[PDB]
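Chains A, B, C, D and E, in that order, are what the protein sequence lines are.
Per the numbering used here: the first sequence = residues 1 to 172.
Per the numbering used here: the second sequence = residues 173 to 386.
Per the numbering used here: the third sequence = residues 387 to 547.
Per the numbering used here: the fourth sequence = residues 548 to 716.
Per the numbering used here: the fifth sequence = residues 717 to 860.
All remarks here apply to the structure that follows.
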Amino acid sequence: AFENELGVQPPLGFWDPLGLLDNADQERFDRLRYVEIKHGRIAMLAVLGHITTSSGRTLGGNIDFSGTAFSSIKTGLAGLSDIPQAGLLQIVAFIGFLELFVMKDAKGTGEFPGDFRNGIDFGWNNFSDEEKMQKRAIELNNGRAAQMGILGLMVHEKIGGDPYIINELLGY
Amino acid sequence: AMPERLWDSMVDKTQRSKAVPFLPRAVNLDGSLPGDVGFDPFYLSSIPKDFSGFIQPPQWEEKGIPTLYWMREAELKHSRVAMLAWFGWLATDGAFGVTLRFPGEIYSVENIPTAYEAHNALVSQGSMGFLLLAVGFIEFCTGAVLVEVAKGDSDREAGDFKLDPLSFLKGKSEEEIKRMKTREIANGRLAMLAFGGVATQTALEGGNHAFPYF
Amino acid sequence: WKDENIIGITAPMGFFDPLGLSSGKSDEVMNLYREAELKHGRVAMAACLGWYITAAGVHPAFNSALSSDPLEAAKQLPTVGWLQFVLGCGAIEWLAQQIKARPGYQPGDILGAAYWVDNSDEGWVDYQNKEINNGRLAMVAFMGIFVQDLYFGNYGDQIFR
Amino acid sequence: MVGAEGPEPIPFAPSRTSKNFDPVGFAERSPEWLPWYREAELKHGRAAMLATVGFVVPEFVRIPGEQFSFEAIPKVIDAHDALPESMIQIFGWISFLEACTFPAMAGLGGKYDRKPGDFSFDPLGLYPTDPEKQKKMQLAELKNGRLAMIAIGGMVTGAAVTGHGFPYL
Amino acid sequence: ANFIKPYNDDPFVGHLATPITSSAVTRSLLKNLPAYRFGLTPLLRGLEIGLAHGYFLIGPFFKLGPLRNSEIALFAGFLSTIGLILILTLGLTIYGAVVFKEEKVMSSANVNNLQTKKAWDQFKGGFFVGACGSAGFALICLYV
Ligand code: CLA
Ligand code: CLA
Ligand code: CLA
Ligand code: CLA
Ligand code: CLA
Ligand SMILES: CC(=O)O[C@H]1CC(C)(C)C(=C=C/C(C)=C/C=C/C(C)=C/C=C/C=C(C)/C=C/C=C(\C)C(=O)C[C@@]23O[C@]2(C)C[C@@H](O)CC3(C)C)[C@](C)(O)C1
Ligand SMILES: CC(=O)O[C@H]1CC(C)(C)C(=C=C/C(C)=C/C=C/C(C)=C/C=C/C=C(C)/C=C/C=C(\C)C(=O)C[C@@]23O[C@]2(C)C[C@@H](O)CC3(C)C)[C@](C)(O)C1
Ligand code: KC1
Ligand SMILES: CC1=C(/C=C/C(C)=C/C=C/C(C)=C/C=C/C=C(C)/C=C/C=C(C)/C=C/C2=C(C)CCCC2(C)C)C(C)(C)CCC1
Numbered sequence: 001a002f003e004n005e006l007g008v009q010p011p012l013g014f015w016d017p018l019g020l021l022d023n024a025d026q027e028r029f030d031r032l033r034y035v036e037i038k039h040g041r042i043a044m045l046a047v048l049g050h051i052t053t054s055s056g057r058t059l060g061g062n063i064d065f066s067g068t069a070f071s072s073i074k075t076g077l078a079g080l081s082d083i084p085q086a087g088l089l090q091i092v093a094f095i096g097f098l099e100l101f102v103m104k105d106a107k108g109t110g111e112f113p114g115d116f117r118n119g120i121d122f123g124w125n126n127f128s129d130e131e132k133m134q135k136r137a138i139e140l141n142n143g144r145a146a147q148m149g150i151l152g153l154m155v156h157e158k159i160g161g162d163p164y165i166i167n168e169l170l171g172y
Numbered sequence: 173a174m175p176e177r178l179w180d181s182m183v184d185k186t187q188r189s190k191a192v193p194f195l196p197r198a199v200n201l202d203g204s205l206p207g208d209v210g211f212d213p214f215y216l217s218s219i220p221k222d223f224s225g226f227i228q229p230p231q232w233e234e235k236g237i238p239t240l241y242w243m244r245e246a247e248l249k250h251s252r253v254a255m256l257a258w259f260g261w262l263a264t265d266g267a268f269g270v271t272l273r274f275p276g277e278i279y280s281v282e283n284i285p286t287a288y289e290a291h292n293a294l295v296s297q298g299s300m301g302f303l304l305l306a307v308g309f310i311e312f313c314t315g316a317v318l319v320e321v322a323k324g325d326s327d328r329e330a331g332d333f334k335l336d337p338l339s340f341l342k343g344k345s346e347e348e349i350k351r352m353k354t355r356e357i358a359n360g361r362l363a364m365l366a367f368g369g370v371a372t373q374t375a376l377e378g379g380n381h382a383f384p385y386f
Numbered sequence: 387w388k389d390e391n392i393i394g395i396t397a398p399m400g401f402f403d404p405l406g407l408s409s410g411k412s413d414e415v416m417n418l419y420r421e422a423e424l425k426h427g428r429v430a431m432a433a434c435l436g437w438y439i440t441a442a443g444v445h446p447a448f449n450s451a452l453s454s455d456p457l458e459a460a461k462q463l464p465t466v467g468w469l470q471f472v473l474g475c476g477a478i479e480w481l482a483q484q485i486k487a488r489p490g491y492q493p494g495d496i497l498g499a500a501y502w503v504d505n506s507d508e509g510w511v512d513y514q515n516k517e518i519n520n521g522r523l524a525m526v527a528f529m530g531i532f533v534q535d536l537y538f539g540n541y542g543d544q545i546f547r
Numbered sequence: 548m549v550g551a552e553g554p555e556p557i558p559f560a561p562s563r564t565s566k567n568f569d570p571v572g573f574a575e576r577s578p579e580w581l582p583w584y585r586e587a588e589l590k591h592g593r594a595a596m597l598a599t600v601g602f603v604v605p606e607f608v609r610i611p612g613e614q615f616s617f618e619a620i621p622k623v624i625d626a627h628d629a630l631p632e633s634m635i636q637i638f639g640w641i642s643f644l645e646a647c648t649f650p651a652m653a654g655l656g657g658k659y660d661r662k663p664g665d666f667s668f669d670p671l672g673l674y675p676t677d678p679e680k681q682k683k684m685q686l687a688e689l690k691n692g693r694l695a696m697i698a699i700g701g702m703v704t705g706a707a708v709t710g711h712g713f714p715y716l
Numbered sequence: 717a718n719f720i721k722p723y724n725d726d727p728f729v730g731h732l733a734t735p736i737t738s739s740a741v742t743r744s745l746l747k748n749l750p751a752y753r754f755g756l757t758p759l760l761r762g763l764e765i766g767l768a769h770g771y772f773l774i775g776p777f778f779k780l781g782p783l784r785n786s787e788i789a790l791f792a793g794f795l796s797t798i799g800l801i802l803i804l805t806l807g808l809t810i811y812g813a814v815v816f817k818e819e820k821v822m823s824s825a826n827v828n829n830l831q832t833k834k835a836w837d838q839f840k841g842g843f844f845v846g847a848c849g850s851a852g853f854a855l856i857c858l859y860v
């Protein structure tokens, strides 16, 4: 049923070990696709906002009026308590306001789950149908690989000193 | 697992044991033997091995004892020894009023205060070593029969020896014999656990060596 | 696949598969499972044997260490002494991929014994069960002795010694 | 699911029901394990019902003896580690009862005539005559056992958190 | 079970099919060695072979040499690997000059065949390039 879709490719093939798709309709799957993409779209950006801070490139000046600085705040989970409280309240209300209104398919004319384009074509018909299925799988596989990356970066920074468990070998 | 299981040739999935009604009855148990309530939760009667092999090895000739038969013969001997041993352990301790001891200084109270130290004390002396030889003669003269019954050449019941010197049972109806036989078994069973009690307590850290051993 | 791959089905639990990890799966993902299981057992059987010999005292080349979680993972040098070993197992894996892309191949038959036996000689089926049943007992046993040393200090026998 | 009773009208607090409760499908996958599953579910429920009241009564009663007392042990959560001479002993006698259960487990399934969980244990005589009341009777044991499995997991975990008396509040 | 049968179901042929002769390890291994690999120009067949031999022939000359304990221990022996390769190549030239016969008809549909005079010459020259180059490669790898 769902064995020939975007998301199925070598080496593993159709990889359903637990068996969630043995009793899935179209509606059951379309929820699984729509959000595994969404989990990946967070994690791919969670790689980008994260590497550039541990490499040291920080925003110029102080953060606010009252004088907290971008360079003082550490990378990882320990930097969440150095940001002010009202600074965290602006970020969460942003990503709240994001998903409530503008990450949304309001016209109902989405071609697939994960489509937020809302009927304003950006050159997607420029892509041929094979090139369409290529780019949709690259986002997903980088989505799936970044999830295990950030889950790496969160667990290794809690256990060890730096998150970069792979840069730890052969000299940091 | 694809052979025919061994649980079927020795478990009889039609009836249930009187003792433990949730288990099915072992195949060799019946109501035939005295003192039987179908009690075999570990299915020991059902082991298809020849336990006469211990006396004579199976490579001597074709031969086979029933497993149930060898068990009854054991249980009677375990009963008889324990009925005398529990009784003899207390009687030399003075649990029946009189401290019953053999004549002579060596078996008196001063050399052996209670029965608990009679095994180690008599073993050094030799009286223990002598009784080992005296039992040895009887066992050898009475354990050869197990072989005969295992060759099918005898119709003797388990634990049956023509030992009735006072003629308790000559001419008794099989109902009378079976009831008497059940008494050998029920009193023997209680005395197997009585001796296991007395020998255990009397050997822990506390525990006296008086008639009551608690 | 369950009815054609009888190897592994024994008396304690004829085809023990609770949780339905095996229920309604294609051959290719099933054949992966058997080839994974056989590989895990083989490594664990060789690890158990290699751990007991280093534990018992006989550790021959340079006379370094008795406890063998120190010997390997803090102590043995990362740059060469681990690089080569993993490289040497990598050439065996590469060789086994050439083994797997041939006709008439079993899930775990590197030696290619199916060229002399069709799996219907019970002695062959029976002996194979010996390898895989042991392989299974070795996977749990290596995990038991690894947790025993990762957490405690004792790395030898806790049951008999 | 058919024949073997147990799924009945009790609304779950998420908007689903227990009219046929098998989310991950243990009935359709390996149904040969179904007599082992019921037999497991029972023994987990029977021991949890006894251990629930087993936490009730050692607050106010305390059977005569110096070894366990309020002055000896105030916190009944600590009766486990501070009476180990009684702990191995209860463990030893349960092993005699669990050992006579093996041959019933060895033919659990179609080979032996008995239904799982069903000891021939009725001294008092309270299991009724006909199916209408008997299936209702077996069903009341299931829910009371399941209510008691989740109960003591909340009672014992509560006492480590709160460290208080019997309703924990 | 039997793990030994007549090779290619020919009982009278003088060969035995054992796990040392025809097992899955020895089949896939030998089929991927350059003297038996499908899809190789006879130059390439000789190149690879030479690339793998000149590299280890280095070792016993540099270590157990007559000048092994000198400041020119690496030079002494490298030169003597080249002299060993010159003798081996010389055995390859003469072998093919006598085993194979020149072709009359320009007819040549298999230019890939190794067991011919033209290809053996290419196979011989590839051995000499790969063995002198691998002798020079670990001259760099040991100079460290
Ligand atoms: C270990 C205890 C146990 C066992 C063996 C069973 C066994 C069974 N239950 Mg049951 N149940 C239990 C506890 C248990 N129950 C509890 C506590 C509740 C209350 C929530 C229920 C409520 C319940 C309902 C409402 C129904 C069943 C039904 C069934 C039967 C079919 C389902 C099945 O095969 O899955 C059981 C198979 C298992 C392998 C047991 C599951 C054990 C899992 C794998 C443990 C994993 C962790 C778990 C989620 C606990 C979370 C705690 C923490 C780790 C997060 C089967 C006889 C159905 C029935 O009667 O069918 C006729 C039915 O309708 N159960
Ligand atoms: C890598 C380990 C591994 C793998 C891949 C397998 C795979 C397999 N086993 Mg198997 N097995 C294992 C370990 C493994 N087993 C161990 C350690 C035991 C001893 C209990 C067994 C006992 C066993 C029996 C008796 C039988 C099989 C069978 C099978 C096959 C069918 C069942 C199935 O599809 O499960 C797929 C398995 C997996 C996808 C991997 C398991 C996933 C694990 C990680 C879940 C949790 C692990 C565990 C709970 C960790 C806690 C314990 C401890 C190690 C930490 C399948 C090829 C059956 C067979 O041979 O059919 C022909 C069969 O009858 N197995
Ligand atoms: C997972 C398997 C495993 C791993 C990772 C190691 C790792 C280690 N062992 Mg060890 N060992 C193993 C299994 C393993 N051992 C087994 C099964 C034995 C019994 C023969 C030994 C016997 C042993 C001794 C006595 C010593 C070590 C030592 C060592 C260290 C140096 C490597 C060495 O000299 O090995 C030596 C042994 C081998 C290289 C053989 C193991 C590999 C087997 C499976 C051979 C299979 C190869 C392959 C299948 C066949 C291809 C070639 C063949 C056809 C000719 C290193 C930490 C030393 C050490 O660190 O002590 C503290 C040491 O003194 N090994
Ligand atoms: C998951 C995303 C994520 C999260 C939670 C963080 C978290 C953090 N970053 Mg970081 N960062 C990330 C992604 C992330 N980063 C990316 C994407 C980049 C580069 C553009 C950086 C570059 C960066 C710098 C240069 C600095 C931080 C800093 C910080 C800290 C303070 C917050 C701040 O000023 O944000 C700064 C956020 C940005 C500069 C860019 C945010 C970009 C977001 C993720 C885009 C997603 C929403 C977007 C509108 C989606 C577009 C959809 C479109 C189709 C409409 C905090 C620990 C500061 C600090 O103290 O360092 C420790 C600091 O100086 N970050
Ligand atoms: C299981 C039975 C049993 C055993 C093994 C013993 C063993 C012992 N008793 Mg004892 N006793 C028993 C029953 C037993 N008693 C009974 C039932 C009584 C009371 C009637 C006594 C009364 C008694 C006294 C009064 C004394 C002992 C003493 C002793 C000790 C030394 C005796 C000695 O060396 O043998 C010497 C005795 C003999 C060699 C007698 C012959 C025994 C024959 C050979 C046994 C075979 C016949 C037997 C009845 C079976 C018949 C055949 C069978 C097929 C039916 C020794 C510890 C002495 C001691 O140290 O006290 C502390 C002591 O003074 N016993
Ligand atoms: C003189 C004077 O006045 O100057 C002072 C003023 C003042 C105010 C003091 C100053 C300051 C500090 C400022 C302005 C600091 C600003 C900080 C800022 C602006 C920080 C943004 C973070 C954005 C994040 C984390 C985005 C996360 C985005 C996330 C987590 C997502 O993944 C979004 C996701 O959406 C996708 C893509 C798709 C959806 O399907 C799923 C979701 C929704 C999950 C200065 C600079 O010092 C200057
Ligand atoms: C014009 C405008 O205004 O907007 C446009 C801008 C633009 C650019 C066109 C846009 C776009 C598309 C974008 C931005 C797409 C971005 C995609 C992105 C950023 C995809 C990352 C994947 C990362 C992965 C898979 C990492 C895995 C990493 C893993 C698994 C690791 O191993 C981590 C590892 O760390 C450990 C644990 C240890 C170390 O030993 C080793 C390393 C470090 C390796 C938008 C959205 O259209 C908006
Ligand atoms: C706790 C005590 C217990 C013992 C001591 C015991 C021992 C033996 N079991 Mg057994 N057993 C259980 C309990 C016990 N089994 C349980 C709970 C199950 C269900 C999981 C179970 C399942 C099977 C199957 C499926 C088979 C089996 C057999 C034998 C066999 C003879 C071997 C021989 O001598 O060949 C012996 C000694 C096999 C048979 O009869 O044929 C080969 C066979 O298939 N069992
Ligand atoms: C012992 C053993 C074994 C074996 C092994 C071996 C035998 C190996 C070998 C190896 C080798 C034997 C290697 C080789 C290598 C080589 C090389 C690495 C080369 C290189 C080269 C180069 C790179 C090039 C050169 C050049 C040229 C040609 C031209 C000019 C320029 C140059 C110089 C650049 C086994 C596994 C069985 C098992 C275990 C044991």
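C-beta atoms are modelled at their ideal positions from N, C-alpha and C, and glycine is treated no differently.
query, result
"As assigned by DSSP and simplified to three states, the class of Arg41(A)", "helix"
"Contact test: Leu783(E) Cβ vs ligand 3 heavy atom, cutoff 7 Å", "no"
"Inter-stretch contact at 8 Å, needing at least 3 Cβ pairs: the region 208-221 of chain B / the region 688-697 of chain D", "no"
"Of the listed residues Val571(D), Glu555(D), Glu618(D), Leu694(D), nearest to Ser565(D) (C-alpha basis)", "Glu555(D)"
"Element boundaries [alpha helix (DSSP H), containing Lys411(C)]", "Segment: none, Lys411(C) is in no alpha helix (DSSP H) and carries neither H nor E."
"Boundaries (first-last residue) of the alpha helix (DSSP H) holding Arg252(B)", "239-263"
"Three-state secondary structure assigned by DSSP to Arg188(B)", "strand"
"Residues near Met416(C) by beta carbon distance below 6 Å, same chain, minus five either side", "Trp387"
"As assigned by DSSP and simplified to three states, the class of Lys516(C)", "helix"
"Beta carbon proximity, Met174(B) to chain C, threshold 8 Å", "yes"
"Spatial neighbours of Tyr385(B) in its chain, beta-carbon cut-off 7 Å, leaving aside the 5 residues before and after", "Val370, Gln373, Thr374, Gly379"
"Reference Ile51(A); option with closest CA among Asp64(A), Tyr164(A), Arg117(A), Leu170(A)", "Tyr164(A)"
"CB contact flag (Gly656(D), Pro582(D), <8 Å)", "yes"
"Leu170(A) versus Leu469(C), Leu497(C), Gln514(C), residue with shortest Cα-Cα distance", "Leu469(C)"
"C-alpha distance - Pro17(A) paired with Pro193(B), whole-angstrom precision", "44 Å"
"Environment of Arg244(B) [buried if 16+ CB atoms lie within 10 Å]", "buried"
"Short CB-CB distance (under 8 Å) between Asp25(A) and chain C", "no"
"Alpha-carbon to alpha-carbon, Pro220(B) and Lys658(D)", "21 Å"
"Contacts around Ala482(C), its chain only, beta-carbon distance under 7 Å, and the 5 residues preceding and following it disregarded", "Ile496"
"Distance CB(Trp502(C))-CB(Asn718(E)) smaller than 8 Å", "yes"
"Under 7 Å by beta carbon: chain C residues contacting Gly13(A)", "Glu414, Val415"
"Residue from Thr239(B), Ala363(B), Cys313(B) whose Cα sits closest to the Cα of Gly260(B)", "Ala363(B)"
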